[PDB]
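Each position in the sequence shown, counted from 1, maps to that position plus 1 in the numbering used here.
In what follows, a structure is listed as structure tokens, so that the remarks can point back to it.
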Amino acid sequence: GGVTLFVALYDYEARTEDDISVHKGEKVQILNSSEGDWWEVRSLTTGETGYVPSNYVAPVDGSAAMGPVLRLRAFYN
Numbered sequence: 002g003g004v005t006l007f008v009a010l011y012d013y014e015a016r017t018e019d020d021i022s023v024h025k026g027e028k029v030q031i032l033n034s035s036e037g038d039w040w041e042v043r044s045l046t047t048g049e050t051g052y053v054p055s056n057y058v059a060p061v062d063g064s065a066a067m068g069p070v071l072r073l074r075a076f077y078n
């Protein structure tokens, strides 16, 4: 099957040469989630890659979201 996409929850502004800026709502592909705190991602709006805080992204779909979110997603699908 295809990639599981993630979405930026919050705006994040890159401060160094290692991180990347993302804007809330932008989708990303996860490249390296082998650290808990910082994840390497590909921006699906710029094509750039770099690290963002793991807590600033969440899966777009799937099954780990709280029950009310799963129910609302199903209702509007």
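For each residue, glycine too, the CB sits at the ideal point set by N, CA and C.
In the DSSP assignment, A75 falls within the alpha helix (DSSP H) that extends over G68 to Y77. For the region 24-67, the continuous beta strand (DSSP E) assignments of 3+ residues that do not extend past its boundaries occur at 28-33, 39-44, 50-54 and 58-60, in sequence order. The beta carbon of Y52 sits closer than 6 angstroms to the beta carbons of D19, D20, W39 and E41 from its chain, once the five residues preceding and following it are set aside; these are given in chain order. Rounded to whole angstroms, the gap between the alpha carbons of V61 and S44 is 14 angstroms. In terms of Cβ geometry, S55 and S34 form a close pair [threshold 8 angstroms].
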